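Each residue of the sequence shown is one higher than the last, beginning at 29 in the deposited numbering. From the three backbone atoms N, C-alpha and C, an ideal C-beta is built for every residue, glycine too. Following: one structure in structure tokens, then a few remarks.
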Amino acid sequence: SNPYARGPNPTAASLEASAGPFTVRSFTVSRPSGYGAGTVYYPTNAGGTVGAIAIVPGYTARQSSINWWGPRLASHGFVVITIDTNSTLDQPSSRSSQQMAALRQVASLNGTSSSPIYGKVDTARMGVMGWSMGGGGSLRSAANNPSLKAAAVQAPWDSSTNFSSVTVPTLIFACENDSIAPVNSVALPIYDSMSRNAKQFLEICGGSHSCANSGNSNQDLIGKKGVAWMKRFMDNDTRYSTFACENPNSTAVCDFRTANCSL
Ligand SMILES: [Cl-]
Ligand SMILES: [Cl-]
Ligand SMILES: [Cl-]
């Protein structure tokens with residue numbers, strides 16, 4: 029049996045819903061260690077330890093741009109930290125270092141008897157997410173820390189599009205009409221550079237650069253996919269293989285690519 033499987037068998041409609049099966053609570057990190065600020069989202073009733081995910085915004089941006097993922101993922105059985113960077117103008121390398129410091133602090137709080145997440149985290153199972161420069165930072169985190177179990181980035185941007193060393197399962201949401209980090213010159217080159225991993229590319233029809241951010245009109249599809257990808261790869265949960273690897277019939281999806289995503 030899979031010791032990391034949590035929750036009932038999913039369906040497309042239940043993964044499209046706004047909340048998964050677990051109750052979510054949250055707290056503000058009191059003394060952030062190596063990053064600006066953090067909010068920790070966690071399930072109260074997951075039925076065992078769960079993996080941890082750290083999410084980073086883009087240039088100038090704060091937690092609110094990316095924090096819908098917090099309850100979306102936590103309610104399916106994850107501990108999620110959404111961070112503010114030390115400076116809103118930090119670049120992708122710094123964002124990556126901060127993202128890894130936030131994972132480090134989730135692991136420390138897992139061992140802190142006073143923390144709400146004491147004993148809730150499997151600190152051997154971690155993932156990285158982020159928007160734009162925070163997505164570039166996440167890809168650098170994955171390249172530099174190949175024990176990470178999954179990455180899921182949105183409208184990623186970085187100074188280099190060559191992420192060929194990444195062996196971490198990587199999902200990319202791209203936004204069709206993005207003029208900040210365009211699909212043709214940024215998101216698809218990043219995707220195409222990776223030959224050593226499970227990977228996926230989903231282009232959202234008509235989406236602006238913020239098409240995967242909090243308040244987007246496609247939280248059903250985007251949230252299904254992000255949760256399925258993290259469940260499949262962070263939990264090794266093959267009940268999620270169908271949803272993680274599926275080529276969606278969604279009017280929100282304008283392009284789909286995947287490789288090494290076994291059904
Ligand atoms: Cl950015
Ligand atoms: Cl780096
Ligand atoms: Cl845009």
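(request) Over the uninterrupted beta strand (DSSP E) stretch that includes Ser143, give me the two end residues. (result) Your numbering for residue 143 matches position 115 in the sequence shown. That residue, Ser143, is in no beta strand (DSSP E); it is neither H nor E in DSSP.
(request) Find out if the Cβ-Cβ distance for the pair residue 306, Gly66 is shorter than 8 Å. (result) Because the chain is modelled from 29 through 291, residue 306 falls outside the range shown and cannot be assessed.
(message) Quick test of the definition: if touching needs 3 or more C-beta pairs under 8 Å, does the region 142 to 159 touch the region 174 to 193?
(response) Yes, the region 142 to 159 is in contact with the region 174 to 193.
(message) Less than 8 Å between the beta carbons of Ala33 and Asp263, yes or no?
(response) Here the question's residue 33 lines up with position 5 in the sequence shown. Here the question's residue 263 lines up with position 235 in the sequence shown. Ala33 is a Cβ neighbour of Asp263, given a cutoff of 8 Å.
(request) Determine the closest residue to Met128 out of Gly147, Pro144, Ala171 and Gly35, with distance taken between C-alpha atoms. (result) The count along the sequence shown starts at 1 and reaches residue 128 at position 100. Taking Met128 as reference, the option from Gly147, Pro144, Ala171 and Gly35 with the minimal CA-CA separation is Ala171.
(message) With a threshold of 8 Å, are at least 3 pairs of Cβ atoms found where one atom belongs to the region 57 to 65 and the other to the region 205 to 219?
(response) Counting C-beta pairs with one atom in each stretch, the region 57 to 65 and the region 205 to 219 have fewer than three that are closer than 8 Å, which means they do not touch.
(request) Quick one: give me the first and last residue of the alpha helix (DSSP H) that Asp283 is part of. (result) Mapped onto the sequence shown, residue 283 falls at position 255. No alpha helix (DSSP H) holds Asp283; the beta strand (DSSP E) holding it covers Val281 to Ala287.
(request) For the beta strand (DSSP E) containing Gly79, list its first residue and its last residue. (result) In the sequence shown, counting from the first residue as 1, residue 79 sits at position 51. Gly79 -> beta strand (DSSP E) spans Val78 to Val84.
(request) Return yes when at least one heavy atom of ligand 3 lies under 7 Å from the C-beta of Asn205, else no. (result) To locate residue 205, count along the sequence shown from 1; it is residue 177. Yes, the beta carbon of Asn205 sits closer than 7 Å to at least one heavy atom of ligand 3.
(message) Here's the rule: buried if 16 or more other CB atoms are within 10 angstroms of the residue's CB, otherwise exposed. What is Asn30?
(response) For the purposes of this step, residue 30 is taken as residue 2 along the sequence shown, with counting starting at 1. Looking at its Cβ environment, which holds fewer than 16 other Cβ atoms inside 10 Å, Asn30 is exposed.
(message) Below 7 Å, is the gap between the Cβ of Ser93 and the nearest heavy atom of ligand 3?
(response) Sequence index remark: in the sequence shown, residue 93 carries index 65 (1-based). It does not: the Cβ of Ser93 is nowhere closer than 7 Å to a heavy atom of ligand 3.
(message) DSSP has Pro71 in a bridge; who is on the other side?
(response) Position 43 of the sequence shown, counting from 1, holds the residue named residue 71. Answer by DSSP bridge pairing, in chain order: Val52.
(request) Could you tell me if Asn241 is buried or exposed, where buried requires 16 or more neighbouring beta carbons within 10 angstroms of its beta carbon? (result) If you number the sequence shown from 1, residue 241 lands on position 213. With 16 or more other CB atoms across the displayed protein chains lying within 10 angstroms of its CB, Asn241 is buried.
(request) Could you name the residues whose beta carbon sits closer than 5 Å to any heavy atom belonging to ligand 2, keeping them in chain order? (result) Any residue whose Cβ sits closer than 5 Å to a heavy atom of ligand 2 makes the list: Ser121 and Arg168.
(request) Go ahead and pull the three-state DSSP assignment for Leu131. (result) Position 103 of the sequence shown holds residue 131. Helix.
(message) Considering only the alpha carbon of each residue, which of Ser238, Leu137 and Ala202 lies closest to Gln228?
(response) The sequence position of residue 228 within the sequence shown is 200, counting from 1. For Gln228, the nearest C-alpha among the options comes from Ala202.
(message) Please state the DSSP three-state secondary structure of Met222.
(response) Here residue 222 is taken as the residue at index 194 of the sequence shown, counted from 1. If DSSP states are grouped into helix, strand and coil, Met222 belongs with coil.
(message) Less than 7 Å separating the Cβ of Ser238 from some heavy atom of ligand 1?
(response) Position 210 of the sequence shown, counting from 1, holds the residue named residue 238. Relative to ligand 1, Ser238 has its C-beta separated by 7 Å or more from all heavy atoms.
(message) Between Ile208 and ligand 3, is there a pair consisting of the residue's CB and a ligand heavy atom that are separated by less than 7 Å?
(response) On the sequence shown, position 180 is the one that residue 208 refers to. Answer for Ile208: yes, Cβ within range of ligand 3.
(message) Going by C-alpha to C-alpha distance, which of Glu231, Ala256 and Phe191 sits closest to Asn225?
(response) In the sequence shown, counting from the first residue as 1, residue 225 sits at position 197. Of the candidates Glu231, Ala256 and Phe191, the one whose C-alpha sits nearest the C-alpha of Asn225 is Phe191.
(message) According to DSSP, is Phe271 part of a helix, a strand, or is it coil?
(response) Along the sequence shown, read from residue 1 onward, the residue named residue 271 stands at position 243. For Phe271, the three-state secondary structure derived from DSSP is helix.
(message) Checking the sheet assignment: what are the DSSP bridge partners for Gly158?
(response) One-based indexing of the sequence shown puts residue 158 at position 130. DSSP lists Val84 and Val181 as partners of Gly158.
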